[PDB]
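An overview of the molecular structure
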Amino acid sequence: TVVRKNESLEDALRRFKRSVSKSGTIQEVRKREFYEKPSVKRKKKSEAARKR
Amino acid sequence: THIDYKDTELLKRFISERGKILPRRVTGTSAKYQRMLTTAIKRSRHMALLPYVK
Amino acid sequence: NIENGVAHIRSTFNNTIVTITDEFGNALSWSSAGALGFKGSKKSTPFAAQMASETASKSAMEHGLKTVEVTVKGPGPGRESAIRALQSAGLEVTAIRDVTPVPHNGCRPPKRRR
Amino acid sequence: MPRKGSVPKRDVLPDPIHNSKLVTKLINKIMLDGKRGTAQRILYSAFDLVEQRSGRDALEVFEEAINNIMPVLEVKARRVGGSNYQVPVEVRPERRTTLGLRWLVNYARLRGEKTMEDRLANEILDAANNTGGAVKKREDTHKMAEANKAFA
RNA sequence: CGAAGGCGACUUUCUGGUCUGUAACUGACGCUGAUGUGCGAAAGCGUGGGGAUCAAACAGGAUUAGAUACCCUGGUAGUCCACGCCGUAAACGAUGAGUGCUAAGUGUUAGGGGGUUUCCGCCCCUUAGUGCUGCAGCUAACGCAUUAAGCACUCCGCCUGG
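Residues numbered from 1 in each chain as written, not as in the entry; some residues may be left out. Chains lettered and ligands numbered in written order. Part of a larger assembly, values for the part shown. Heavy atoms only, no water. Residues with missing side-chain atoms left out of burial classes, pairs and counts.

cryo-EM is the method the PDB entry states for this structure, with the resolution given as 3.58 Å.

What counts here: UniProt positions are given in the numbering used here, feature names are shortened, and annotations may be inferred rather than shown by experiment.
Under the PDB entry, chain C has the name 30S ribosomal protein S11 and belongs to Staphylococcus aureus. If you open the UniProt record of chain C and go to Function (unreviewed entry), you find "Located on the platform of the 30S subunit, it bridges several disparate RNA helices of the 16S rRNA. Forms part of the Shine-Dalgarno cleft in the 70S ribosome."

The name given to chain B in the PDB entry is 30S ribosomal protein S18, and the organism recorded there is Staphylococcus aureus. Note on chain B: under the UniProt heading Function (unreviewed entry), the record states "Binds as a heterodimer with protein bS6 to the central domain of the 16S rRNA, where it helps stabilize the platform of the 30S subunit." Taken directly from UniProt, the Sequence similarities (unreviewed entry) text for chain B runs: "Belongs to the bacterial ribosomal protein bS18 family."

As structure tokens, then:
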């Protein structure tokens with residue numbers, strides 16, 4: 001989905017990074033694949049507006 | 001309310017083609033405005049405006 | 001028959017392997033992580049395609065790919081320089097398609113992207 | 001010996017003849033007990049053989065050697081533990097290998113006798129243009145850690 | 001929020017119920033306690049899957065002067081969901097559930113009264129709580145406390161050596 005030209009490839013250390021994280025629903029993407037535990041994150045799971 | 005599919009006129013700043021919500025403090029809202037943000041937008045946002053994953 | 005070829009790169013955190021294939025599935029050949037002495041999943045090094053994939057691409061000489069378009073489905077250290085064997089003989093690296101799927105999601109699970 | 005560590009070291013001083021300590025540390029290789037009675041002569045039958053066999057004195061053709069012995073630029077690494085983690089590094093005169101006095105080219109004294117009188121004049125001139133020879137001053141302190149790429 | 005074990009993808013449901021602002025109203029119509037209420041997590045638990053992942057066993061490796069072990073892919077089941085649960089967890093509140101306070105404060109989710117309305121925000125009252133401390137009280141001290149490990153009216157059960 002990304003087409004970046006005009007860059008060196010020993011300088012591709014910097015070109016392969018900057019189209020990854022941007023999503024407010026980065027989780028509501030992931031939905032139906034691979035689901036995990038908040039165990040150590042229960043320090044921070046009383047949290048905002050999920051259902052309470 | 002449960003704002004419907006075209007009912008994202010003043011909210012498509014929050015809607016996305018590809019998956020960006022603004023959580024509570026991102027809009028400074030309480031537990032009715034953030035709640036419509038996170039539940040009522042979804043009738044417009046999720047069903048045919050967000051491919052979750054394959 | 002020039003300007004036709006994709007370096008569809010199956011590179012994870014390790015396993016810097018890439019098929020020097022057509023733009024769609026027909027799979028000419030490769031210098032992948034089972035090709036320049038390595039096996040893969042410890043080849044977090046570009047030498048699948050640091051230099052010796054354009055060896056393959058120019059031994060072919062049929063791509064003429066001004067657009068070689070490495071297509072990724074994960075991270076990888078040697079993958080940013082897996083395209084150095086598209087710069088070695090110089091096949092004009094022009095795109096970086098590092099994406100995981102978003103079709104939609106069959107059933108009570110089979111599975112697909114996270 | 002930790003908790004404690006390690007800090008830099010000592011060095012030498014020039015001579016009023018040529019204002020050079022390159023000759024001084026080489027005499028300090030042989031500075032017997034203050035009794036340098038012909039350790040002076042052994043130095044002056046070692047160090048003169050680069051200024052004599054090569055026409056120029058301690059500062060021009062000897063500089064081909066003594067620009068390259070205890071350092072400005074040497075090989076060194078930082079606190080990284082048990083891995084390779086190698087890169088070239090600029091350095092100071094604290095721990096020493098590539099501008100004034102250290103390791104390989106110049107064993108003056110390594111030929112076929114058990115002498116000091118004439119042996120120092122034997123194997124000396126090999127650091128004419130910094131070309132190996134035998135272990136006293138530089139050569140092999142430049143080419144350390146640049147090997148593995150694929151199966152590294 | 002539930003009887004708990006506990007309760008998590010979201011459009012939705014019942015929004016049941018919390019919930020605070022109104023509470024429109026006949027005349028003790030409740031807590032605990034004979035009844036009876038249900039289940040309680042896993043280890044394990046009575047069918048296809050299940051060795052697909054993980055995974056004991058085995059392999060196979062060996063530290064430095066020591067394995068088959070920390071190590072595990074093939075892999076034993078097991079893991080797991082469409083038909084049966086046990087009455088066990090640090091389910092701990094080591095602290096049983098009704099009427100109400102203990103100087104009180106505290107910022108705040110909810111729902112409200114609002115002023116100012118802001119540009120949905122500043123200020124006051126607010127409580128189920130939310131936390132924070134903090135008065136009294138508390139026990140030896142740990143330490144508890146306007147929401148107990150206190151205070152005056154309810155029941156329960158426990159035990160006064162183990």
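There's more to say after this.
**A short note on the overall build of chain B**
Convention followed: Put simply, DSSP H or I for four residues or longer makes a helix, DSSP E for two residues or longer makes a strand, and each gets a number counted from the N terminus. The size measure is the radius of gyration over C-alpha atoms, and the globule rule it meets is 2.2 Å times the number of residues to the 0.38 power. Here a residue-residue contact requires only that any non-hydrogen atoms of the pair lie within 4.5 Å.
Along the backbone of chain B there are three helices and zero strands. Its helices and strands taken in sequence order, chain B reads α-α-α from the N to the C terminus. On C-alpha atoms alone, chain B measures out to a radius of gyration of 11 Å, which is about the 10 Å that the 2.2 N^0.38 rule sets for 54 residues. Its C-alpha atoms give chain B principal-axis dimensions of about 35 × 20 × 15 Å. Within chain B, counting contacts between residues at least 6 apart in sequence, those at least 24 apart form 65% of the total.

**A closer look at the environment of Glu74(D)**
All names here are of chain D. Selection criterion: Relative accessibility under 20% of the residue-type maximum defines a buried residue, over 50% an exposed one, and the middle range a partly exposed one, all with a 1.4 Å probe and only protein chains included. In protein, a polar contact means a hydrogen-donor-capable atom and an acceptor-capable atom, both N or O and within 3.5 Å, with residues adjacent in sequence counting only if both atoms are side-chain atoms; elsewhere, any N or O pair within 3.5 Å suffices.
Within the secondary structure, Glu74 sits in strand β1 (residues 73–74). With relative accessibility at 9%, the residue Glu74 sits in the buried group. Separated by 18 residues in the primary sequence, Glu74 and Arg92 have C-alpha atoms spaced 8.9 Å apart. Only 2.3 Å separates the side chain of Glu74 from the side chain of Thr97, close enough to count as a polar contact.

**Let's talk about the interface of chain A and chain C**
Definition in use: Residue type decides the class: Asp, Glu, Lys and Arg count as charged, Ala, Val, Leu, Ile, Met, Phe, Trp, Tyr, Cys and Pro as nonpolar, and the leftover types, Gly among them, as polar.
Contacts between chain A and chain C engage 18 residues on the former and 22 residues on the latter. Across the side of chain A that touches chain C, the residue classes tally to nine nonpolar, one polar and eight charged.

**Concerning the side chain of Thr21(C)**
Residue and element names in this part refer to chain C. The residue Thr21 is located in strand β2 (residues 17–21) in this model. Overall, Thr21 belongs to the buried group, its relative accessible area being 7%. Polar side-chain contacts of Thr21 include one of 2.8 Å to the backbone nitrogen of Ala27. Look past the residues within four positions of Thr21 in its chain and what remains in contact with it is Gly5, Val6, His8, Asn26, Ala27, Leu28 and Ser29.

**Focus on the protein's contact with RNA strand E**
The condition is simple: For this purpose, a residue is taken to be near a molecule or strand whenever a single non-hydrogen atom of the residue falls within 4 Å of it.
Residues in contact with RNA strand E amount to 18 residues; listed here are only the nearest, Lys31(A), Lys45(A), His2(B), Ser30(B) and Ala31(B). Backbone sugar and phosphate groups make up 67% of those atoms of RNA strand E lying within 4 Å of the protein. Taking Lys31(A), its side chain carries an N or O atom lying 2.8 Å from a base nitrogen of RNA strand E. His2(B) places a polar side-chain atom, nitrogen or oxygen, 2.8 Å from a sugar or linking oxygen of RNA strand E. Of the residues that constitute the surface near RNA strand E, the class distribution is three nonpolar, five polar and 10 charged.

**Quick word on the nonpolar core**
What counts is decided by this rule: Joining through side-chain atoms within 4.5 Å is the link that ties buried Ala, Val, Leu, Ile, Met, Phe, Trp, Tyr and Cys residues into a set, and such a set is a nonpolar core.
Residues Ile30(D), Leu43(D), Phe62(D) and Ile66(D) are the most contacted members of the largest nonpolar core, which totals 24 residues. Sorting the residues of this core by element identifies α1 (22–28), α2 (39–43), α3 (48–53) and α4 (63–66) of chain D as the ones contributing at least two each. The element best represented in this core is α1(D), accounting for four residues. Beyond its immediate sequence surroundings of up to four residues, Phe62(D) is in contact with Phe47(D), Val50(D), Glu51(D) and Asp57(D). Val68(C), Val72(C), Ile83(C) and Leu91(C) belong to the second largest nonpolar core, which has 17 residues in total.

**A closer look at empty space enclosed by the protein**
Residues and elements named next belong to chain D. Here is the rule: Put plainly, a pocket is an open set of points on a 1 Å grid over the protein atoms alone with protein on both sides within 12 Å along at least five of seven lines, a cavity is a set where a 1.4 Å probe fits but cannot get out, and a lining residue has an atom within 4 Å of a point. Grid points are joined across faces, edges and corners, and a volume is the space filled by probe spheres set on the points.
In this structure, the largest cavity encloses a volume near 140 Å³. Taken together, 17 residues make up the lining of the largest cavity; nearest its centre are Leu22, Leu26, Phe62, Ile66 and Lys137. Counting only elements with at least two residues in the lining of the largest cavity, the list comes to α1 and α4. When residues in the lining of the largest cavity are grouped by element, the largest group, three residues, is from α1.

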